[PDB]
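Heads up, the thing below is written out as structure tokens.
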Amino acid sequence: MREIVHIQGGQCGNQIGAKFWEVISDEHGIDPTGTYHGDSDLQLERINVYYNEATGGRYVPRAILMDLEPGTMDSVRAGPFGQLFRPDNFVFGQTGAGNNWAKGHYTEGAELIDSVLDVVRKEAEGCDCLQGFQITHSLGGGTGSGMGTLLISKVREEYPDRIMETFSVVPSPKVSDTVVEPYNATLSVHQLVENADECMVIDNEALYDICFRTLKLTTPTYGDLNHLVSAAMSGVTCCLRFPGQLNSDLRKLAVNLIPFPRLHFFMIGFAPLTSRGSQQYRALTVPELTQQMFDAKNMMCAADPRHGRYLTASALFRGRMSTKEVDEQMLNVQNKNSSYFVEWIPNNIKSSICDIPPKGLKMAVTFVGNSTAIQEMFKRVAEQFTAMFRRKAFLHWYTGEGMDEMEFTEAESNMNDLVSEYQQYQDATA
Amino acid sequence: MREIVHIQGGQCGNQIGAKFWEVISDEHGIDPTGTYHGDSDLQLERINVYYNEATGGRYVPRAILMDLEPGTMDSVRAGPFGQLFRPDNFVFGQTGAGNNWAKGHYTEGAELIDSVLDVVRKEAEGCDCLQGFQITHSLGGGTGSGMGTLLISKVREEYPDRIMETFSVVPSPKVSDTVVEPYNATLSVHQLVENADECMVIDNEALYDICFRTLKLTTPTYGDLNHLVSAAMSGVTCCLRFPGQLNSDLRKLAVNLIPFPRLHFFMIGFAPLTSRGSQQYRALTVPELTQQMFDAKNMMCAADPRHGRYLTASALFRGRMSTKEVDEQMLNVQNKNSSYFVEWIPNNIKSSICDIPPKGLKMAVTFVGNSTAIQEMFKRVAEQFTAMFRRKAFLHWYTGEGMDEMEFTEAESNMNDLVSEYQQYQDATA
Amino acid sequence: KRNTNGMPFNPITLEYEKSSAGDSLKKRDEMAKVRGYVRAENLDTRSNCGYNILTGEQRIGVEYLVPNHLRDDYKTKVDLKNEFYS
Amino acid sequence: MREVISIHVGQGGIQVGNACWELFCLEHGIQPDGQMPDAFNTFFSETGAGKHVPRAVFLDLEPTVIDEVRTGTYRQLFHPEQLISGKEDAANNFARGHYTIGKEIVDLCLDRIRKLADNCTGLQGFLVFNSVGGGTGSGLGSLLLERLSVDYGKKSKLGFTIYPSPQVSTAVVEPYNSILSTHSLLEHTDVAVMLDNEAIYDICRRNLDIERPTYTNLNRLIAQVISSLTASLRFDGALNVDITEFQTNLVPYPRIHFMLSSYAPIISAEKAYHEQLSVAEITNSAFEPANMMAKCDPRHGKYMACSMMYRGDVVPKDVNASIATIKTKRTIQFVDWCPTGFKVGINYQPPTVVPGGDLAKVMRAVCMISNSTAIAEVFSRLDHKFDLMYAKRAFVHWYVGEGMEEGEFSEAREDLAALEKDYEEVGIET
Amino acid sequence: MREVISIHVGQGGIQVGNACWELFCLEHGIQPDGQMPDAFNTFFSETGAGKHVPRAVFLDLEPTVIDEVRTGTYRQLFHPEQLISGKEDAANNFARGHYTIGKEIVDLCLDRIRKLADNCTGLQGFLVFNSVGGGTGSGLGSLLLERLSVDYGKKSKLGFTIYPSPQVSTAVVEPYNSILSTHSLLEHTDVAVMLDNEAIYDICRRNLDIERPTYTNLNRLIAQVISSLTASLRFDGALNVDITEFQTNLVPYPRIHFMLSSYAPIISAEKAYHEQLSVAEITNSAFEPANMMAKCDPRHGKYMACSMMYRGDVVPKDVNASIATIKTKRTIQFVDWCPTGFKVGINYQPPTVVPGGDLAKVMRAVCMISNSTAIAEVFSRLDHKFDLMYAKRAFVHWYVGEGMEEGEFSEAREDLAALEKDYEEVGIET
Ligand SMILES: Nc1nc2c(ncn2[C@@H]2O[C@H](COP(=O)(O)OP(=O)(O)OP(=O)(O)O)[C@@H](O)[C@H]2O)c(=O)[nH]1
Ligand SMILES: Nc1nc2c(ncn2[C@@H]2O[C@H](COP(=O)(O)OP(=O)(O)OP(=O)(O)O)[C@@H](O)[C@H]2O)c(=O)[nH]1
Ligand SMILES: Nc1nc2c(ncn2[C@@H]2O[C@H](COP(=O)(O)OP(=O)(O)O)[C@@H](O)[C@H]2O)c(=O)[nH]1
Ligand SMILES: Nc1nc2c(ncn2[C@@H]2O[C@H](COP(=O)(O)OP(=O)(O)O)[C@@H](O)[C@H]2O)c(=O)[nH]1
Ligand SMILES: [Mg+2]
Ligand SMILES: [Mg+2]
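Protein chains in written order, with PDB author numbering: chain KB, 1 to 430; chain LB, 1 to 430; chain 4A, 215 to 300; chain LC, 1 to 37, 47 to 439; chain KC, 1 to 37, 47 to 439.
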């Protein structure tokens, strides 16, 4: 019951999913052949959340994979746990977008999306009670940031009451791999605010910083960043698949973390994270988890959370632990940092406990906090956008496929209005 | 009981039968020497449907092979399972038709057909309870499209209450191998509508498209097209040879799929079909079968089924599966696609379940749907016919053997009337 | 040969009947099968620490999926590129 | 049980018959002595024990060529008394070989034809070879065709005539007898194929890279074309074609049966293997105007119907994918009243190589027989050449004194005018 | 399902095509005979059984180079009739190869292009190679580009032109046809890469330590650059880049698409292994002005956008840590309206070594494609050279007498003046 379907688009989203599904399968004891080989009874009670049942007793994820080029899905199939995905759900084009948002949203993405919407509708109509959808995509690419966001609007138009999740990677100015990143980032943020019920920003720069400083491993690769993102993704829905002292589905988090409908851009972090050589030194206790949870360097975004004030915060503890300690520590982390918490909403931290810890760990915490410090990312994105747009650089590529500069002006104005009205509440006082 | 005899004509029909009988023999465990070597008891209970019994314990098909030239039957005898056919049933002429419909229907086909009708009468009078006849022939050839269709009328005149099947390959304009295809296609369609109880159109172009896109094999050959057609042919009569939850003979399909006596031209498709490299990825489930079953590219005809509305549909599931899932999936495939189903006949999908799956597969589905989209094939055939006939091109070959242009005019008019009255119900509303 | 299909696997069953032509697939796939493991084995690994990013416990090998009947042929094959980019 | 009889008359006919009869003996494994050290039956007959006898007859009034045949290595092959020879040559005079000396020889030839025909049981038709620009060749060919058309009636006869080149000529009086022979075979032959020497000289020069060709090199290419045409009768193939299946596919009207041929690939062993010889490139080369086997430009006229034969390991889907490309091109346009104009045949036996010859061994080849509206140019230029000398009645006394009437020249001119008017009338769109 | 077609015209084009086609065959394991003893599909095509055929066509009017190709070790590889050859050379006259002899050859080339394109299903784009300072090369390249731009339209074409050196020159008239060809490809080619010989001579002398280089050493480096550019289409990588993803990242405006390349490392086996070849040092060497592949100074102008490809075992974090260092340096400054200018690609396959060549085997390499404002100097110096001789109308009679008009020289001068003004207008800060 109350299950969700997985939809991913683009190369970055496909690579994120290729590790997210591996993590989920390892958590539920599903072999790469789709056969259950788990140890505990609880591993099968709520498997309908992510997995479907077919004849022969094997399980198949309800994931939908889409891209405008076939290479990435032809590569993910040969990887581990690549056989679980149903071949029918693979939809792709023969041309690609070339990191051009217009091509992936107006000319090419519009004709292809009917086929993927057909299978999306097939998956949603069938399921017992829908909880919602979760979306993984990147804002630094053309086909992803175009087709995914248009699909968001199409899904929202047909299921207005369901919940919608988006895990979005925004292009940081530090590690830049594409010159046209500001254009399709700014165009995508315009559409994303209007339809997504929840959005979670993730930055490659913050992932590299975490890998270099906390784990202290010499050579980070995309596999480590994907593993961290996958652990963070799994931590959110853990209590929906396992029993606990205070169950809290996604809708309950939506109620408690979004004060106003347009303020739904969160930054997350996962604890504990320790190096291989120091994993024996540390002792896992609730104070040790909560001190690392609110650490500024532990956030999955380069945004500095002590440059603003938290509107609200959430924590999803895992493992068996006493609730009194959790509540007193949450109170203590809020009394010692009163300057960084907005004062006109008292008791702005939500807590939840799940009795099933991750495989290999005795305690774990997932942190989701809505803070005013996120304005800095939109500020720098808009700064680069307005630095590049004033000369009409690279504009002809977009304008040759039916798009105009008016949609750029409206997007810039709406993004600046969002930036302004997000900080409006930072200076608000009672 | 309720058995049928096999009659095939022409080179294309002989090549189709040469694989159909191999598939049937492999299904029933009959060696190419006519000796049973099967494993299951059910393999012998209903073997009287297709095979006769002779002294020495060997089995012989009740097939009749006819052609106007001896080469094709002299070649099929040397192939595998070629010894099963009784030498007495081979009837042939010494001249041939040369792809001329008039020669194969008026001058040469009229004198020879007495001998083949003698053996046809011998086969039908003897059998326990007749169910009917099934005919395989091609509309792109002269001798086939002439002699087969005249034999249809002769059989119908003597057995008006029995059922008659025809698997007809119509010449597509994409892959054309004969210049005089429109003439003998149009002449044959005129006679075929008046006598055949059921007709199933098959196109080489659709078979090549399927082989190139779904199976993704590099070099298709006639053996693969024949194998697909043979699997589709076997799927229809499976429940008549094996037990099941809801047995449904050919007459029951005739009742439920033909609303009006002149609308009996179906297009079919077989599922599942997967590539060699992806046969391990996929998991066989009822949703996976039904999503591929209604796929437009899976149809054995180039006609696009989302260009019209289904009058009715049928599905013949194979293997052991729950009926509740089948019914709910059939309902779901009809609620999500209400625009493509005619509205004045509710619940227009028939389902059947057979507990014996094909050898090597755990589940299989055969789809037979009567749709209004078939008009496009007759439209293009008539377009080519009227483009060629207006100049009286190649007309002297036909008119030199007692035929006249009046029979061409009547055939064109009747075919156009069929095209019009078939789409008349597409725009009909309640 | 008009009635025997181009390849050993009939589309309906997508499977083979034993003889060399059938055997090549039950053979080439063993080869072809091995090649796929190595890049996938490789792609996550060069990027990967080998030790879990947070726990730090030593990682596990990907060797389990391939059947042990062909376990050794895969052995030498992985090393040939191991030396090439050694 | 399928047979064909080839007739060779005149020096050119005998010299091309020798060329085809090395090739057939080599292709069926028969040694020059006639002894093998069931496909032979089309061209040969079994004598009961040992040698095989060709189903061919050689005719000539001038004894030199026959005497050369009866002393070469093939002296033991042919039956001694089917090499009918005369004493006095016609000496390029058409009236001689039609009225004076051919009549006394034609009876023996007809007796031999009857004696060969009574042996065959499945006679498909006759083949005849004759160089048109000679007395005995044209005259005896005309007389034999006229006798056969009434002795046998509806049996099919095929004529591989060699018309004179546009400007290159060996005689000075060949237009007269060429026009008269065209008159004679216009109403008496079912198929006529164009074979002028200049085009084949250009083919040899450009492709075979021979700067000094002789008649043998031309005759070997003609023999290869004949073998490609008749391969389908004696070898197994996925898509067979019979001789009787031509007038139903290439001959729109009884008067129009002159068509021109082409062959591909033509390449030497020194540079053949450096390129892959795909089916697409060979079928493109076959349609090149410079590779026509008759010196006519297809770009100057429409196409009516194309019958083109493949042999080797070609797959039908690759053939269809190449027919589509040709239909795409804007430089090749078909007539309005013919939507599809291609008849395709596929055979498995690759072309055989003759040792010491020019062509190399290849696995794929294509031979096309195409009927086009552009053929009227050769008739127009031959007519213009005829009129120049007939204005002054030059060389007429050599014909009037051999029994021919004065008015016989005019009616051939009228029939050519009628043919040219008919070709113009057919090619106009509706 | 992704393909690309490479066009080689002129002596320099054919001699660099040979250089790239040893490298591709070596990199994909294909023997020179074309036989292997799924990544090949980008450059090759499967013939069904055995050999592979390159997707390349060789053009030249002068037969010597093609004859050398057709007799070397690679005689069996290329298809025999895609090596189009003429009879008469253009002799460094541009008007000849654009108006007199190139027109009669261009039709065959276009037919070959169509025959190759119909085979591809996912055609990414075209590649073309031509030395600019020659008659046939520049003229036929211009004519082919002009025909392709209208036959296909939006398909991408890439041009690897070799402009003359600042002072070193082989001809005396090459500025004229260089300017005319720049005129022709300015409005017709999507990407143009600079390749003058003097810079590569200096690279060989300084790094490879060869004091007497020949053209083969230059062509091998160019082939390595091409392989590095196209590696991402046929090998798995953590950060892929497609050809269509260029005009969205390197081309700010439709007129500005001339950029200059560089490669690193370039080192011999005698001293390669003594140093570690870290990613930081190779990415520093790639940006050195002395390692530009075209003799232009980047210190004289701003950068617009840098697209730079890695291959080997490089980790993204090390790439980011090196992009930061380059942004730090004060000697490299980017244009004001471009905050981020780097597009990064990472591939896993290390560069392959050719036996007997100059370069050694290394595990890391970097190839950069950078668009900079400093490129205007080559245009200015070519313009100055052109004006000196056009003042007195020298050598003009060799062009006017080949069908070209008198005024055609002036408008190329005006377009170069427009381009130089545009480059100055873009580089000024706001
Ligand atoms: N293709 C081809 N044409 C030939 C050959 N020999 C002769 N011809 C043509 O035949 C024409 C003349 O007819 P011939 O066959 O030589 O002589 P004929 O048909 O026996 O007639 P007579 O002169 O009466 O003996 C010439 O114009 C030649 O073009 C040959 O070996 N090959
Ligand atoms: N990099 C490089 N440049 C070459 C090579 N061969 C010739 N060139 C350049 O090409 C210019 C002249 O054009 P070519 O390619 O030699 O001759 P073409 O393009 O065939 O034109 P034609 O003279 O009419 O035959 C010279 O200035 C050379 O700099 C080569 O092998 N490598
Ligand atoms: N975490 C992670 N990020 C990736 C990976 N591959 C690419 N990216 C990021 O995705 C961005 C490029 O997105 P792109 O591939 O063009 O998206 P697309 O246009 O939808 O295909 C880069 O800035 C990378 O930082 C990966 O394997 N893991
Ligand atoms: N599926 C299949 N179709 C075939 C085969 N052989 C021929 N055909 C089709 O049959 C058509 C020609 O029919 P034809 O042989 O002239 O029929 P006939 O006149 O009765 O002998 C062609 O268009 C082919 O597409 C075969 O082996 N398998
Ligand atoms: Mg003679
Ligand atoms: Mg040259």
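Here a beta-carbon is modelled for each residue, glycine too, at the ideal position from N, C-alpha and C.
Distance from the CA atom of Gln342 (chain LC) to the CA atom of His393 (chain LC), rounded to whole angstroms, is 28 Å. In the DSSP assignment, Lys166 (chain KC) falls within the beta strand (DSSP E) that extends over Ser165 to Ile171. Taking a contact as a CB-CB distance under 8 Å, the pair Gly126 (chain KB) and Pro287 (chain LB) counts as one, their CB atoms being some 7 Å apart. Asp197 (chain LB) and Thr143 (chain KB) have their C-alpha atoms some 52 Å from each other. Between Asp367 (chain LC) and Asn228 (chain LC), the gap from beta carbon to beta carbon reaches 7 Å or more.
Residue contact with chain KB for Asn262 (chain 4A): present (Cβ-Cβ distance below 7 Å to some residue of chain KB).
In this structure, the beta-carbon distance from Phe385 (chain LB) to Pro182 (chain LB) falls below 7 Å.
None of the residues of the stretch 102–118 of chain KB has a beta carbon lying less than 8 Å from any beta carbon of chain KC.
With fewer than 16 neighbouring CB atoms inside 10 Å of its own CB, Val181 (chain KC) falls in the exposed class.
In the three-state reduction of the DSSP assignment, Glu434 (chain LC) falls in the helix class. By DSSP's assignment, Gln134 (chain LB) forms a beta bridge with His6 (chain LB) and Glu165 (chain LB). Residue selection by CB proximity (closer than 5 Å to any heavy atom of ligand 6) returns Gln11 (chain KC) and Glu71 (chain KC) in chain order. Rounded to whole angstroms, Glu417 (chain LC) and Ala400 (chain LC) show a C-alpha spacing of 15 Å. Rounded to the nearest whole angstrom, the C-alpha separation of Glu423 (chain KC) and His266 (chain KC) is 18 Å. Rounded to whole angstroms, the separation of the alpha carbons of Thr253 (chain KC) and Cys315 (chain KC) is 16 Å. Any Cβ of chain KC closer than 7 Å to the Cβ of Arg242 (chain 4A) would place that residue at the interface, and such an atom is absent. Counting the other Cβ atoms within 10 Å of the Cβ of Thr349 (chain KC) gives 16 or more, which makes it buried. Taking the Cβ of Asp98 (chain LC) as the reference point, at least one heavy atom of ligand 1 falls within a distance shorter than 6 Å. Taken through DSSP and simplified to helix, strand or coil, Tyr50 (chain LB) comes out as coil. The beta carbon of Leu152 (chain KC) is closer than 7 Å to those of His107, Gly111 and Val115 in its chain, skipping five residues each way along the sequence.
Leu68 (chain KB) carries a coil assignment under DSSP once its states are collapsed to helix, strand and coil. Chain LB has no Cβ within less than 7 Å of the Cβ of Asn282 (chain 4A). Relative to ligand 4, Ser138 (chain LB) has its C-beta within less than 6 Å of a heavy atom. One finds nothing in chain LC with a Cβ atom closer than 9 Å to the Cβ of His283 (chain KC); even the nearest lies about 44 Å away.
In this structure, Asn204 (chain LB) has its beta carbon less than 6 Å from a heavy atom of ligand 4. Counting only Cβ-Cβ distances below 7 Å, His88 (chain KC) has contacts in chain LC at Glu284, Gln285 and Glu290, in chain order.
Note: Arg373 (chain KC) is bridge-paired with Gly321 (chain KC) in the DSSP secondary-structure output.
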